[PDB]
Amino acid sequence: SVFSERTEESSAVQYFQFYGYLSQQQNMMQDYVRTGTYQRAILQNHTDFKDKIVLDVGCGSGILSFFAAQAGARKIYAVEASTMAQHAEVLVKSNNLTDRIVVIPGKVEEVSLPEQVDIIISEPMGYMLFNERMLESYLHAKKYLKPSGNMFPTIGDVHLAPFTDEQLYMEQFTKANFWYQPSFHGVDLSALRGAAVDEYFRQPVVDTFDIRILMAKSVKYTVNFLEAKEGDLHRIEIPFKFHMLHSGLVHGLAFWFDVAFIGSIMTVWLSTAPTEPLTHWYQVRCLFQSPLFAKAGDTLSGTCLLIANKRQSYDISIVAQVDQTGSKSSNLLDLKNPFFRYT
């Protein structure tokens, strides 16, 4: 399958075991911004659902499919690859919806649907939008979408902006310098200090922060889910030119994302921006190995290149330079292994 071809089995097993726990489903369901905004996007756009055929890609507990049914959908195909499919089936029956919701256990790349659909609904967003590579499954599902069918969400916006955070930056050395000692119980650990520093800096930092650490207006990269192909997400190149609003040291790039449900009645947005209430996605920061000094009015230019890997994630390459000084920084990060810093 398209799925098995881009995913190492070991990663897939762990991934679907994770989503097999009711507690994980519960954690997502209790993210009120998330769950409530999906319900609102669907119910306030009831004409996109009333007596329509729906596909729910990765339905989990089945919650979005129930929202589609609340909006009057004629038929919803709820596809789910983890053992959560069995629990979803239990809920469709106990909610007296077997006539309208059909749970199909399996990967959307591998199951067959009996007919084409009017609209696809899904919640495929990971950290930095793209983590987990579930957006490719969502795009893949368009083989079942009628011409001029719709997608909920319709678009995804990733935002990037430079930040200053001296304490976050210094924390990496404080941790790595554990290895910078000549007699840990008689052992000189110091030769591994560099490798420890490298390891810490390869981890994107998942947590939130005060918006005043941001040093320029964000740059936006947009995926239009109606138009994009799966293959478009294998290599994501995000150029940037930041016009610095504040003078100081740039320690890295901060990431967040928005999605929009562009319905016939209205467009509804779900935002994970640091200006909005917190979600279980938090925000993500990628540190530079060497911070960059910039003045207000300087421009910081470069590229964030996301390369998909078979562990359902991305290798992140960020290169940046201050155009007025030629001062340059790089970093390579592993989005599969983020550091969860939030407290």
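Between two forms, the rigid core is defined as the largest C-alpha subset superposing within 1.5 Å. Numbers follow the displayed sequence, beginning with 1.
Averaged over structures and residues, the CA distance from the shown form in 9 other deposited structures of this protein after a core fit is larger for 178-186, of the two stretches 178-186 and 163-171.
After superposing on the rigid core, the larger RMS C-alpha deviation in 9 other deposited structures of this protein belongs to 187-195, the other candidate being whichever of 187-195 and 242-250 remains.
When the C-alpha B-factors of 178-186 and 230-238 are averaged, 230-238 comes out higher. Look at the C-alpha B-factors of 138-146 and of 197-205. On average they run higher in 138-146. Across the options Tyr282, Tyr314, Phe293, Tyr32, the residue with the most elevated CA B-factor in the record is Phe293. For the set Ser247, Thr272, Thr222, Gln172, the maximum C-alpha B-factor listed in the entry falls on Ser247. Among the modelled residues of the chain, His243 sits in the highest third by CA temperature factor in this PDB entry. The PDB entry assigns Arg100 a C-alpha temperature factor belonging to the highest third of its chain's modelled residues. Per the PDB record, residue ranking by Cα B-factor puts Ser10 in the highest third of the chain. Among all modelled residues in its chain, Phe130 ranks in the lowest third by Cα B-factor. Remark: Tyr342 belongs to the highest third of its chain, ranked by C-alpha B-factor as recorded.
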